[PDB]
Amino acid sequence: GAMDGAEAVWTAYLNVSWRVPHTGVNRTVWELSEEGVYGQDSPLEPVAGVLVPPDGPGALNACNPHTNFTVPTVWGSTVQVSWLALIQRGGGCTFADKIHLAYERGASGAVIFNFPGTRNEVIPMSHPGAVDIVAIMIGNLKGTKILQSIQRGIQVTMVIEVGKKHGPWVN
């Protein structure tokens, strides 16, 4: 019938910032919200970084274990800035596959977004084989909005923080 609240699910607070060009030197649009949920096997801790999707048409699912990301570097070196992999759900591979790849590429967290037609729906992720970095899910609409901004050359930064506990049913 309804198998919700079997285990605690923790929401995430997201503070998302867009680097808007051409309207004045410091201008950023930012949205603070409680959307997204930490994966069930995620470290429960904050993380922040520049959002980076997989390269190329159409590798958005990061199923291919040789999937590449184009990651910004620190001025004057080859060292990566702190970054979060932005990866679409689906494509025939697991949450653990996507989250593990993110970690192996040096990402500080993995932001999985739900697939087309699910709107703003988020679900809990099970990924006990991939626990090294923060992993959250966000909705399709928010993920798409972010991905399109990035594809249009806008840098998008996200700070993720531990949100609120939902469940389990104790009475």
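In this text, residue numbers run from 1 along the sequence as written.
- Stretch comparison (67 to 75 versus 96 to 104) by mean CA B-factor in the PDB entry places 67 to 75 on top.
- The mean C-alpha temperature factor is higher for 115 to 123 when 115 to 123 and 32 to 40 are set side by side.
- As recorded in the PDB entry, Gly58 shows the highest C-alpha B-factor of the residues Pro53, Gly139, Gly49, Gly58.
- Between the residues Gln151, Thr23, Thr11, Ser17, the entry's highest C-alpha temperature factor is the one at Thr23.
- In this PDB entry, the Cα temperature factor of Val131 sits in the middle third of its chain's modelled residues.
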